[PDB]
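Chains as they are written, first to last, in full-length UniProt numbering: chain A, 2 to 525; chain B, 2 to 525; chain C, 2 to 525.
The structure under discussion appears below in the form of structure tokens.
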Amino acid sequence: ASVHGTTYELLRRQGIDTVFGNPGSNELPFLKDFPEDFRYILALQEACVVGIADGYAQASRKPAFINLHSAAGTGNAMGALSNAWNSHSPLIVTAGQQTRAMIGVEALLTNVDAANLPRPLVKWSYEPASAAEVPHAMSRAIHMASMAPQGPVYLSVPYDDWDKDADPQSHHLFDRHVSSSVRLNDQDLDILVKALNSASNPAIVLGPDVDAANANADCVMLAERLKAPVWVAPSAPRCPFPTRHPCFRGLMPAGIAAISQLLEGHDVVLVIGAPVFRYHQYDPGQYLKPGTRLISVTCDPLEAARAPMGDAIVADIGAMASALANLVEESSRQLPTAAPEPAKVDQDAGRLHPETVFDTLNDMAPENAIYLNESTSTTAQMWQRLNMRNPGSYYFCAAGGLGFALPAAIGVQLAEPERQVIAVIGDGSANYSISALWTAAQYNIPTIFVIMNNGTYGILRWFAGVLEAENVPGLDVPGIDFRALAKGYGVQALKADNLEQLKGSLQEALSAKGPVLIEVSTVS
Amino acid sequence: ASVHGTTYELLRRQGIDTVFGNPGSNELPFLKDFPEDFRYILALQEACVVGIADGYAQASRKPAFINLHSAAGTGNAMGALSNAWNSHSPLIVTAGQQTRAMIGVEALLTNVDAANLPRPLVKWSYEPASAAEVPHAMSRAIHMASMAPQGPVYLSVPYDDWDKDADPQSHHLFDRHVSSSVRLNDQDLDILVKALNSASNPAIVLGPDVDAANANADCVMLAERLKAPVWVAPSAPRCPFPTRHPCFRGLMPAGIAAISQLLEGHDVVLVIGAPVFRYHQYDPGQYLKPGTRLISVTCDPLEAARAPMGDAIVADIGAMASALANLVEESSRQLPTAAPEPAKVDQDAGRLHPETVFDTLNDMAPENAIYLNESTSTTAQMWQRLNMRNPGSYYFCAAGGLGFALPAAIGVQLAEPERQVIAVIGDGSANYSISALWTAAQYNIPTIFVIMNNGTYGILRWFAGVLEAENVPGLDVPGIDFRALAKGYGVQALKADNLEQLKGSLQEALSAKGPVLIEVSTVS
Amino acid sequence: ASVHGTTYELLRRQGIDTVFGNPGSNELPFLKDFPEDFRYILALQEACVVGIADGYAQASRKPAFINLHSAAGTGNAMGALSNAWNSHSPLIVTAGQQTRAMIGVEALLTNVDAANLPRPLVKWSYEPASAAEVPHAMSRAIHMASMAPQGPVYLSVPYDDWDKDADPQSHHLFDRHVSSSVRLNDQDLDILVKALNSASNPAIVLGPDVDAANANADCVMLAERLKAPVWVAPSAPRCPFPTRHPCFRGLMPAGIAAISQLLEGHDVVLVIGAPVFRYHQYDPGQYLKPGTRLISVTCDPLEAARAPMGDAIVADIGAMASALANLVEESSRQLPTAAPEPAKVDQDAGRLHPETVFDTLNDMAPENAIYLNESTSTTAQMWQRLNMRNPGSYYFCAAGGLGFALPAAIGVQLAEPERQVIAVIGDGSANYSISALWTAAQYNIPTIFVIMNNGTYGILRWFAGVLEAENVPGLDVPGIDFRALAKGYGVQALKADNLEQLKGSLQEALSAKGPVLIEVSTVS
Ligand SMILES: Cc1ncc(Cn2c(C)c(CCOP(=O)(O)OP(=O)(O)O)sc2=O)c(N)n1
Ligand SMILES: Cc1ncc(Cn2c(C)c(CCOP(=O)(O)OP(=O)(O)O)sc2=O)c(N)n1
Ligand SMILES: Cc1ncc(Cn2c(C)c(CCOP(=O)(O)OP(=O)(O)O)sc2=O)c(N)n1
Ligand SMILES: [Mg+2]
Ligand SMILES: [Mg+2]
Ligand SMILES: [Mg+2]
Ligand SMILES: [Mg+2]
């Protein structure tokens with residue numbers, strides 16, 4: 002068989018049946034004779050290709066396969082890869098290279114030093130030394146992306162390789178099963194369980210790898226057993242816990258001092274599936290107060306190594322959460338009391354406060370909605386005002402790289418066709434990957450996009466205020482008509498200039514057959 | 002003085018007065034107290050920021066300064082950097098990094114292994130080891146970008162460095178002048194001149210570094226003295242010669258066999274300011290036919306090293322072209338045979354043939370128009386049909402990376418306010434950097450964008466055909482309304498569904514006082 | 002406290018008490034006030050420093066700390082790092098950098114782009130962005146080196162950092178405990194155990210990570226329970242099993258065809274702690290024959306990904322070996338019969354056959370002797386004729402990089418004061434790291450060095466034959482007097498030109514109280 006034939010057989014045998022791509026001439030020999038059991042999802046720019054694949058991979062909890070064009074295509078996606086790195090997204094990124102005979106002269110479309118291009122944003126990055134090595138390299142890519150800690154990988158393939166004869170012994174690749182589903186050995190696990198049982202005032206902090214592992218339910222049981230309050234680790238890319246569960250305490254502020262203060266009085270703090278910690282603002286102080294001991298379970302050696310405090314255990318989050326949830330004793334302490342329902346902000350008949358938008362979404366959206374956040378000045382309010390009972394209900398750019406939520410919302414909706422996806426995106430963020438709207442239209446993927454339009458890079462204007470930094474250029478983004486942009490890409494568009502119109506538009510969007518964009522006028 | 006003050010003083014003393022950017026929190030300490038003698042050009046996505054800066058640098062023939070946001074922002078620009086590398090564009094790319102105190106914990110917005118991120122697409126990439134080093138590192142960036150062979154460079158700066166004290170000895174940086182304006186020594190130059198004078202049938206091939214150096218006029222003199230046919234090297238990023246000058250032969254097809262055929266019979270082929278050669282299609286054969294010797298003058302050691310044939314001289318293109326033009330003897334040979342005229346293609350009253358569009362542009366555009374090309378299936382016809390008689394009249398994505406022409410056309414128009422820029426862009430290419438339109442609207446930069454809408458990735462559909470590649474997915478891009486996209490970003494829009502409307506739209510566009518987009522319905 | 006003080010406290014609190022080094026001026030500020038509870042081990046060239054540290058880490062099963070001088074010192078050690086990468090040796094490599102103020106001008110002894118230098122041979126490579134970050138970066142280095150899969154790491158430190166004030170919050174680093182002692186979840190481990198219990202003719206293959214984990218005894222129990230034959234994986238860097246145990250089948254030949262033939266008829270092959278496989282010679286064929294399924298347990302995701310066949314489990318070898326050994330049923334199959342003792346080779350009165358040397362070493366050396374092999378042409382004979390009963394009894398350069406065994410033998414001897422180390426080294430290999438001898442003399446480390454002198458690169462001349470390649474230069478190494486070299490570095494030296502002399506010399510060497518070198522005249 003050919004390299005082409007063998008490679009598609011490997012992909013299908015490893016459960017991959019969808020290619021997210023933007024094609025080029027180096028990729029046509031791969032895409033020719035495209036198998037009928039595969040589906041190709043086209044996006045118009047590579048940041049959108051990778052964003053969509055990323056959302057799809059995160060929601061489906063399986064690897065997603067991407068095909069991009071040489072260096073330029075790969076380069077256009079490297080901002081999207083920064084987010085994918087931070088979210089441990091299992092993305093197999095392939096790119097077409099020039100024919101081997103024209104690589105030396107650096108013909109047009111030659112990806113020079115190809116394996117170095119996406120570094121340091123990938124777990125593994127490779128170009129095979131011969132055509133017959135391609136299926137084996139593809140096998141390496143699949144497993145490197147998929148093993149804990151999951152993450153993006155890169156494979157460059159000269160276009161002339163695909164037609165060449167494959168090694169018959171490549172058949173051994175097709176059904177390989179590779180497992181990382183490991184947990185701490187019994188003796189040391191018992192020691193941990195005893196420390197948890199002995200704690201007088203335990204607290205639990207959860208990160209995105211819990212949601213990725215669908216460990217959420219086991220974490221609920223663990224928190225109920227220990228009678229422990231549960232935070233979400235700062236800069237949260239996902240939601241790992243029911244937000245109206247009585248133990249839930251919400252999103253931790255992303256500051257060193259703020260977090261040690263929050264944890265003061267808790268003798269043992271168990272962190273699961275998060276870096277320790279993804280701080281953001283400068284908030285110097287103690288990493289922990291005395292009296293607090295921290296224990297981290299992480300799937301990522303890099304996270305364990307760089308934590309400035311605490312013990313760490315490097316293992317699969319699913320296997321660890323399950324073991325702990327079922328091993329710890331039921332504490333006789335009183336179960337934590339649910340947090341109070343956020344207060345209703347005063348809302349006149351004018352532009353919308355973001356608190357109003359979220360309250361209204363919470364009132365009207367289905368209970369199994371999935372939200373994406375790229376409205377950076379309103380994240381705190383969103384976490385407080387949306388009741389998200391189920392796993393996989395929230396995504397936020399994991400490296401803070403804008404241009405994620407709009408395409409990712411399309412991939413999520415493709416992954417979960419029975420759960421309504423609602424992306425809340427600021428007017429600034431909306432532009433980074435605006436052309437992804439076209440894919441929603443073309444493939445009939447009925448995502449709802451809520452554009453929070455305040456005319457500015459809100460969070461930047463705010464932080465400039467904190468820095469007392471005056472005369473900063475480039476913070477305002479007036480003059481964008483988002484309904485026109487949606488029309489440009491074939492997506493139904495609505496406007497909401499006040500609360501009444503917001504209710505009406507959301508009602509219409511929820512009932513609509515296709516994707517819908519709502520432009521909301523929000524307060525500056 | 003502060004690192005901030007010192008750095009801005011270095012920038013002004015070195016001729017920089019414009020910052021192209023998309024701001025982020027790591028960059029706010031740099032952008033605060035923005036000096037009154039600088040201007041900031043905002044674009045909404047980083048591929049757009051870099052593309053605009055690139056156009057501006059290429060047209061102005063001076064370095065352009067860029068400010069991006071950490072890793073995500075840099076990543077979003079890496080497709081644009083692939084073009085900049087191939088075009089030798091002097092781009093100084095700065096990116097903000099987290100505060101030094103929070104780099105180790107990998108806080109949100111930390112650019113991990115920062116200097117490796119843009120490699121291999123930059124000449125130099127660096128993060129300073131202390132705040133006091135920043136002005137020195139900026140000096141190195143300015144000069145590494147500016148020295149032959151010019152190209153993009155990258156500097157990552159922790160945001161806390163700006164307010165720190167600079168080394169007082171940094172004043173020595175301010176007025177440094179660094180020259181690479183060099184040419185071959187007299188003895189060896191005289192040998193080259195003798196070879197040229199002795200040639201019976203010389204030919205000349207010119208590349209983009211001729212237009213970059215404004216060596217066009219000297220090349221015209223050289224060609225006139227030698228009575229030599231002049232080609233433009235393949236995959237041409239710029240136009241180095243007047244396209245209706247009697248010596249001009251056209252754009253070389255980007256194939257090994259094609260080019261050796263074209264050069265057959267020529268005893269000496271002098272190539273100036275081009276790689277040898279930027280081939281593209283697989284077109285195997287001889288690099289040169291017997292009887293032809295090739296001599297290359299290039300500003301780039303990497304070009305000289307990789308040429309698969311001929312001698313090479315690594316020197317400044319401006320200095321070499323000037324010297325050769327004034328030293329060669331005046332040949333009494335007959336000029337090349339007049340080139341044929343492009344045929345007027347058959348055209349009904351419906352959708353427009355690309356040839357019709359170019360013929361109409363050529364009739365109506367000013368003699369000093371500047372064209373950009375990202376209509377990939379129509380390049381050959383464009384070169385045949387446009388009379389471009391002045392330097393700096395043509396730009397095409399140098400690495401074949403789409404998303405260049407739309408933002409670069411804005412940068413060019415900003416650099417050349419008295420020359421009308423006309424960007425001819427395919428419907429596929431248009432989406433990659435669509436948000437750039439906003440910058441043209443906001444700053445009232447009067448670029449004309451001509452969208453060639455045939456509903457497909459035309460050149461891929463063509464190559465699919467020649468490969469006899471069946472069942473290739475993702476080649477069609479129906480359902481985009483470019484007038485609506487333009488409206489979305491505040492740019493006037495027109496439509497041309499036939500020749501009469503094309504003429505009317507162009508008349509209107511040329512009379513406009515701001516940017517205009519014309520959507521042209523072209524054939525499949 | 003200073004960075005110096007804080008870092009040494011971190012080191013002692015994490016169990017480090019030895020520094021292997023070759024000093025330079027960038028390193029003096031670190032080495033000054035060297036604490037009384039540490040020892041420094043000097044070697045005269047950096048390949049020797051690292052080889053000694055490597056031996057020490059491998060035998061002690063704990064990380065070894067190294068201090069080298071800038072780029073040149075690090076560079077001199079990169080061959081040794083090649084081996085350390087392949088052996089998963091936990092080496093913390095630190096190198097001194099210029100003072101931060103002089104990095105920018107690239108003063109002499111500046112390590113330019115320092116973190117890139119040791120790539121790709123390190124797990125993690127870094128230079129901190131500030132002095133206060135240094136202790137945290139050292140913490141990261143210790144843990145990256147120590148977590149599965151273990152391996153070398155690199156930290157570059159500007160020499161002026163040591164005297165600066167440390168972050169008081171650095172104390173949180175001192176007692177961090179990081180575990181990767183994990184194994185497959187119960188459900189999937191039961192499936193694996195069932196597959197082993199159900200196997201009709203299983204075989205076991207063991208690699209170096211078994212010996213590194215001291216999982217040898219558990220592997221013996223596992224082999225005895227399953228009544229399975231046991232091979233050592235090809236190109237073996239360590240010995241994971243008693244070589245005279247009845248299940249032992251010896252070292253696998255390093256070829257694809259040879260290994261699948263060896264495993265024919267075995268329905269399940271369990272590979273533990275080895276790459277699949279470290280092939281060497283070209284020996285094309287089937288990876289496995291029909292009827293054989295392979296299951297690999299590996300500590301290294303990179304190994305699991307690249308295996309061309311079989312299932313894989315990525316977990317700690319110690320934890321996995323112990324669990325399997327204790328869960329599998331006692332098979333009723335007959336215990337394998339021990340390999341017969343190898344035949345005696347005919348030995349005349351002249352130069353010695355390697356077979357005779359090994360026979361004689363086996364007869365005279367203590368039962369807990371530790372051997373190192375860098376006699377490349379005699380490896381097979383060595384594995385057959387040396388009875389190694391205990392763990393940690395054999396080391397061979399894991400990447401085939403010569404220069405390992407001489408210095409490593411010193412490190413092992415240092416780590417195991419009560420076990421006699423005997424390095425068997427070819428006359429070719431002996432020169433790579435000859436100066437390591439000085440360290441054995443200076444610290445009175447009683448390693449015995451046995452030099453096999455045949456006056457040639459034996460294995461290369463052999464290979465030259467099978468290749469039918471003639472006129473190959475550089476294969477012969479006449480004119481080396483190893484007794485004089487030993488005298489040069491202060492080590493007692495003996496000669497052996499025949500069997501009687503060999504016996505006498507070995508007898509004196511074992512009785513000696515310091516290092517001894519024996520030059521043996523062996524047959525071509
Ligand atoms: C790719 C990229 N570019 C630039 C930034 C910098 N940035 C920028 C420009 C922000 C403002 C987002 O504006 P918005 O309107 O989307 O949201 P708010 O108005 O609520 O802040 S938040 C932020 O981090 C980024 N994070 N990622
Ligand atoms: C960033 C990027 N992505 C994808 C490609 C691959 N590509 C693609 C997708 C082309 C089709 C461009 O379509 P168009 O409509 O702009 O022009 P034509 O229809 O005349 O081909 S030409 C081409 O090289 C590329 N060169 N650069
Ligand atoms: C650092 C390094 N250099 C060169 C080689 C190549 N090489 C060389 C030069 C060998 C000959 C070793 O000769 P010896 O005398 O040590 O042993 P034999 O005579 O038994 O082969 S084996 C081998 O792989 C290597 N492996 N490592
Ligand atoms: Mg906004
Ligand atoms: Mg890179
Ligand atoms: Mg088109
Ligand atoms: Mg020898």
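From the three backbone atoms N, C-alpha and C, an ideal C-beta is built for every residue, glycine too.
- Per DSSP, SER140 (chain B) is one residue of the alpha helix (DSSP H) stretching across 135–147.
- Note: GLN508 (chain A) is not bridge-paired with any residue in the DSSP secondary-structure output.
- At a cut-off of 8 Å between beta-carbon atoms, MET145 (chain C) makes contact with chain A.
- For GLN59 (chain B), the enclosing alpha helix (DSSP H) has its first and last residue at 47–61.
- For the 8 Å CB-CB criterion, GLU134 (chain B) and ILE104 (chain C) form a contact.
- Taking 7 Å as the cut-off between beta carbons, the residues of the stretch 281–312 of chain A near chain C are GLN287, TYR288, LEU289, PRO302, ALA305, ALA306, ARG307, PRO309, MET310, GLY311 and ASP312, in sequence order.
- Judged by DSSP secondary structure, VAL467 (chain A) falls within the alpha helix (DSSP H) whose first and last residues are 459–467.
- For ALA200 (chain B), no CB of chain C lies under 8 Å from its own CB, so it is not counted at the interface with that chain.
- With a threshold of 16 other beta carbon atoms within 10 Å, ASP212 (chain B) meets it and is buried.
- Inter-segment contact for the stretch 83–97 of chain C and the stretch 438–454 of chain C is absent: fewer than three beta-carbon pairs are separated by less than 8 Å.
- With a cutoff of 8 Å on beta-carbon distance, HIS281 (chain C) and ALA308 (chain C) are scored as not near each other.
- At a threshold of 7 Å, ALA234 (chain C) does not count as near ligand 2, since its beta carbon sits no closer than that to any of the ligand's heavy atoms.
- Bridge partners of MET453 (chain A) according to DSSP: A:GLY427 and A:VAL521.
- For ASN374 (chain B), the CB stays at least 7 Å from every heavy atom of ligand 6.
- The alpha-carbon separation between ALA204 (chain A) and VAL269 (chain A) amounts to approximately 7 Å.
- Relative to ligand 1, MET453 (chain A) has its C-beta within less than 7 Å of a heavy atom.
- Note that the stretch 338–351 of chain A touches the stretch 240–251 of chain A; at least 3 beta-carbon pairs, one per stretch, sit closer than 8 Å.
- Excluding five sequence positions before and after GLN382 (chain A), the CB atoms of its chain that fall closer than 7 Å to its own CB belong to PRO355, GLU356 and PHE359, given in chain order.
- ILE460 (chain B) has its Cβ nearer than 7 Å to a heavy atom of ligand 2.
- Of all residues in the stretch 478–498 of chain B, those with a C-beta nearer than 9 Å to a C-beta of chain A are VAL478, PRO479, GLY480, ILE481, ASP482, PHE483, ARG484, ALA485, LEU486, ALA487, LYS488, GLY489, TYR490 and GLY491, reading in chain order.
- Cα atoms of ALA399 (chain C) and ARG279 (chain C): separation of roughly 10 Å, rounded to the nearest angstrom.
- Per DSSP, reduced to three states, the secondary structure at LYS165 (chain C) is coil, with no helix or strand assignment.
- In this chain, the alpha helix (DSSP H) harbouring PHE483 (chain C) covers 483–490.
- Your pair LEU223 (chain B) and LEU325 (chain B) checks out as a contact, with CB atoms roughly 5 Å apart and the cut at 8 Å.
- Taken atom to atom, the span from the alpha-carbon of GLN46 (chain C) to that of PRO24 (chain C) is near 10 Å.
- Any Cβ of chain B closer than 8 Å to the Cβ of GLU28 (chain C) would place that residue at the interface, and such an atom is absent.
- Collapsing the DSSP output to three states places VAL183 (chain C) in a strand.
- Under DSSP, the beta-bridge partners assigned to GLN98 (chain A) are A:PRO159.
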